[PDB]
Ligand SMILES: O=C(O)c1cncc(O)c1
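In the block that follows, a single chain appears as structure tokens, in the form solved without ligand 5HN.
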């Protein structure tokens, strides 16, 4: 029986833990925080993430209580400029807690040993993980799924470029208020852009009958539109049709203006250590693939560990096989974010949807456009 030690209890670490435990690994997972929780309010998944959830035995619990809008709509200056449905490609909006709780419930059902208040502070490619307590754990595989600030990565030393933006956005869950919104297509995703009379955008993202995910985006140089708790007037002025939801948003004193952040590395492996998720490839969120690529890569790691090879060799084959999809998606996401490409509408082209089209279970691209 092969042993894996996983650092990080986010989507990458929980996916790796479940996938490895289903293949007969003895897996233990270490989360630094004192509780198992996910920040960020809401999240989109696409076919590729949903197929990972199927492969993990967690798809049902995610689809119950989450939403596929009838269309992904874009507005520019309150005019609908596109409505896209991706020729049937599956996608889904949910709260972060919904996704994260479905994964924890599945890891617990399978008997993955999960520890909280358990931080990985150093790792050794020969298969050792040191916790903040000074416990040294030996394993046949070490998974660094410890986020953009991964200590598994930085204790070993990987050549990298890391960037944190000055700009960011405010992501919140509020009640749907659907009756109070009155006439409209309030089950849709609506990406509501404006450059005039100021730069303000809301991505409107229903999660289910009760819960609405809003992303309120304004530049950090705008002291009102970047304020938390939200400056209700500046948001109601440019999105008056969402006033019932904005009034609920303005009650949230836990709101944060979170910044964008990216990582790109020379490599994702060293000996028996694999870096998965934002530890390796954090990206701009324009294509809503950061967690999709983290989950595809974590599940794909598990697949390459079933080939009969040494763990070291399986890790090299895994990066070689799967990294190009993530490098392309990171680059394209970044290009769309810098160019504000989504503001044009009709930008979920075949190329943009390549990562979402990938099926990690069959290892082919599906849902042709």
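Residue numbers count along the first chain shown, from 1.
From this point on, the text means the form deposited with ligand 5HN bound, which you will not see here.
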item: Heavy atom distance at most 4.5 Å to ligand 5HN in the deposited bound form, all of 50, 323 and 358; value: no
item: Candidate stretches 195-203, 175-183, 241-249, 227-235 - the one whose heavy atoms come within 4.5 Å of ligand 5HN in the deposited bound form; value: 195-203
item: The single option of 314, 58, 342, 332 touching ligand 5HN in the deposited bound form, heavy atom within 4.5 Å; value: 342
item: Contacting member of 139, 288, 207, 104, with respect to ligand 5HN in the deposited bound form [4.5 Å, heavy atom]; value: 288
item: Distance check, residue 190 to ligand 5HN in the deposited bound form, heavy atom within 4.5 Å; value: no
item: Distance check, residue 72 to ligand 5HN in the deposited bound form, heavy atom within 4.5 Å; value: yes
item: Non-hydrogen atom contact residue 25 with ligand 5HN in the deposited bound form at 4.5 angstroms; value: no
item: Residue 112 within 4.5 Å of ligand 5HN in the deposited bound form, heavy atoms; value: no
